[PDB]
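Just the one chain here, laid out as C-alpha coordinates, in the form deposited in one PDB entry.
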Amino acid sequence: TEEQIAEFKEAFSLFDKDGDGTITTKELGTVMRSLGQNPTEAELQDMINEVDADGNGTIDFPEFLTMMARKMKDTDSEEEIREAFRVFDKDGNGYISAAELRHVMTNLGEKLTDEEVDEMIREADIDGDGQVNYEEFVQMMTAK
(Lines give C-alpha, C1' and ligand atoms only; values in the text may rest on other atoms or scores of the structure.)
Protein backbone atom coordinates (compact mmCIF):
# COMPACT_ATOMS: atom_id res chain seq x y z
CA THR A 1 0.00 0.00 0.00
CA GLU A 2 3.06 2.23 -0.30
CA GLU A 3 1.66 3.91 -3.41
CA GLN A 4 -1.69 4.29 -1.63
CA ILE A 5 -0.02 5.84 1.42
CA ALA A 6 1.95 8.20 -0.83
CA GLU A 7 -1.24 9.30 -2.59
CA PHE A 8 -2.99 9.81 0.75
CA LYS A 9 -0.08 11.90 2.06
CA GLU A 10 -0.08 13.97 -1.14
CA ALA A 11 -3.81 14.60 -0.75
CA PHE A 12 -3.28 15.52 2.91
CA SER A 13 -0.60 18.01 1.87
CA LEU A 14 -2.98 19.47 -0.72
CA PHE A 15 -5.64 19.79 1.99
CA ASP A 16 -3.56 21.37 4.76
CA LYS A 17 -1.15 23.14 2.37
CA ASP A 18 1.40 23.30 5.19
CA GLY A 19 3.61 21.15 7.40
CA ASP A 20 1.30 21.33 10.41
CA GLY A 21 0.16 17.78 9.65
CA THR A 22 -3.35 18.72 10.80
CA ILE A 23 -6.43 20.22 9.15
CA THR A 24 -8.61 22.54 11.21
CA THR A 25 -12.19 23.55 10.47
CA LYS A 26 -11.04 26.68 8.64
CA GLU A 27 -8.32 24.78 6.78
CA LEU A 28 -10.87 22.31 5.42
CA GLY A 29 -13.41 25.06 4.77
CA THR A 30 -11.09 27.17 2.62
CA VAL A 31 -10.13 24.26 0.36
CA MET A 32 -13.76 23.16 0.12
CA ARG A 33 -14.81 26.69 -0.84
CA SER A 34 -12.08 26.93 -3.47
CA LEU A 35 -14.10 24.44 -5.52
CA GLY A 36 -17.04 26.88 -5.36
CA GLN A 37 -19.58 25.10 -3.16
CA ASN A 38 -20.48 27.58 -0.36
CA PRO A 39 -20.23 25.43 2.80
CA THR A 40 -21.57 26.16 6.29
CA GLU A 41 -19.39 26.29 9.40
CA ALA A 42 -21.76 24.01 11.32
CA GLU A 43 -21.30 21.09 8.94
CA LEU A 44 -17.53 21.68 8.95
CA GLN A 45 -17.62 21.24 12.73
CA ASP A 46 -19.77 18.13 12.38
CA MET A 47 -17.38 16.81 9.72
CA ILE A 48 -14.21 17.31 11.78
CA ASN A 49 -16.04 15.70 14.69
CA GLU A 50 -16.95 12.71 12.50
CA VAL A 51 -13.34 12.28 11.30
CA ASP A 52 -11.23 13.23 14.31
CA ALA A 53 -11.36 10.63 17.08
CA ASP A 54 -8.89 12.12 19.58
CA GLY A 55 -11.25 15.02 20.27
CA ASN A 56 -8.44 17.57 19.91
CA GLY A 57 -10.36 19.71 17.39
CA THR A 58 -8.17 18.82 14.39
CA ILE A 59 -7.44 15.78 12.23
CA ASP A 60 -4.20 13.85 12.69
CA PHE A 61 -2.78 12.04 9.68
CA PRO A 62 -2.85 8.64 11.46
CA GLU A 63 -6.62 9.02 11.74
CA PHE A 64 -6.67 10.24 8.13
CA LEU A 65 -5.17 6.97 6.91
CA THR A 66 -7.24 4.99 9.43
CA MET A 67 -10.62 6.16 8.12
CA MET A 68 -9.31 6.16 4.55
CA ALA A 69 -8.12 2.54 4.37
CA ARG A 70 -11.62 1.53 5.47
CA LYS A 71 -13.47 0.69 2.25
CA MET A 72 -17.00 1.94 1.66
CA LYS A 73 -18.42 -1.53 0.98
CA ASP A 74 -19.71 -2.93 4.28
CA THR A 75 -22.70 -4.94 5.45
CA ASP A 76 -23.61 -2.03 7.72
CA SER A 77 -23.59 0.21 4.66
CA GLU A 78 -25.51 -2.48 2.78
CA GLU A 79 -28.43 -2.47 5.20
CA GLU A 80 -28.31 1.29 5.78
CA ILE A 81 -28.60 2.03 2.07
CA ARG A 82 -31.26 -0.65 1.66
CA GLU A 83 -33.39 0.99 4.34
CA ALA A 84 -32.71 4.47 2.95
CA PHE A 85 -34.11 3.25 -0.36
CA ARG A 86 -37.00 1.55 1.44
CA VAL A 87 -38.10 4.81 3.06
CA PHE A 88 -39.04 5.95 -0.46
CA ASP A 89 -40.41 2.56 -1.60
CA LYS A 90 -44.19 2.83 -1.42
CA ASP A 91 -45.80 -0.47 -0.35
CA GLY A 92 -42.35 -1.85 0.51
CA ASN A 93 -42.32 -3.99 -2.63
CA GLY A 94 -38.61 -3.49 -3.33
CA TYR A 95 -39.42 -1.58 -6.54
CA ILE A 96 -39.07 2.17 -7.09
CA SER A 97 -40.35 3.94 -10.18
CA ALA A 98 -38.16 6.23 -12.27
CA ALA A 99 -40.42 9.24 -11.59
CA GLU A 100 -40.55 9.71 -7.81
CA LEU A 101 -36.92 8.57 -7.60
CA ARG A 102 -35.86 11.40 -9.89
CA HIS A 103 -37.87 13.93 -7.89
CA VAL A 104 -36.48 12.80 -4.54
CA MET A 105 -32.93 12.78 -5.93
CA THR A 106 -33.15 16.25 -7.46
CA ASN A 107 -35.17 17.94 -4.69
CA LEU A 108 -34.81 16.27 -1.29
CA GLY A 109 -31.61 16.84 0.64
CA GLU A 110 -28.65 18.20 -1.29
CA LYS A 111 -30.37 18.83 -4.61
CA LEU A 112 -28.83 16.99 -7.56
CA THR A 113 -28.35 18.32 -11.08
CA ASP A 114 -30.87 17.17 -13.67
CA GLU A 115 -28.12 15.67 -15.83
CA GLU A 116 -27.06 13.63 -12.79
CA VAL A 117 -30.65 12.42 -12.33
CA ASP A 118 -30.75 11.35 -15.97
CA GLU A 119 -27.47 9.53 -15.35
CA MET A 120 -29.10 7.76 -12.40
CA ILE A 121 -32.16 6.58 -14.31
CA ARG A 122 -30.03 5.47 -17.27
CA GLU A 123 -27.51 3.68 -15.03
CA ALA A 124 -29.78 0.64 -14.67
CA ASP A 125 -32.36 -0.91 -17.00
CA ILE A 126 -35.48 1.21 -16.52
CA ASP A 127 -37.54 -1.30 -18.52
CA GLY A 128 -40.42 -3.05 -16.76
CA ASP A 129 -43.10 -0.33 -16.63
CA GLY A 130 -40.57 2.08 -15.10
CA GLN A 131 -40.27 0.17 -11.81
CA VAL A 132 -36.65 -0.79 -11.06
CA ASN A 133 -35.65 -2.80 -8.02
CA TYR A 134 -33.40 -0.75 -5.76
CA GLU A 135 -31.76 -4.02 -4.67
CA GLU A 136 -29.76 -4.19 -7.90
CA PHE A 137 -28.60 -0.65 -7.13
CA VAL A 138 -27.61 -1.59 -3.59
CA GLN A 139 -25.58 -4.52 -4.89
CA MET A 140 -23.90 -2.30 -7.49
CA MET A 141 -22.92 0.16 -4.76
CA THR A 142 -21.65 -2.78 -2.70
CA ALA A 143 -19.39 -3.87 -5.55
CA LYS A 144 -17.52 -0.55 -5.58
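From 1 onward, residues are counted along the sequence shown. We call the rigid core the largest set of C-alpha positions that still match within 1.5 Å between the two forms.
The following text describes the form deposited in another entry, which does not appear among the structures shown.
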Cα displacement of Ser97 between the shown form and the other one reaching 2 Å, rigid core superposed: no
Is_shifted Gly57 between the shown form and the other one (CA, 2 Å cut-off, rigid core): yes
Distance trend in the other entry - C-alpha atoms of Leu101 and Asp125, change of 3 Å or more: closer
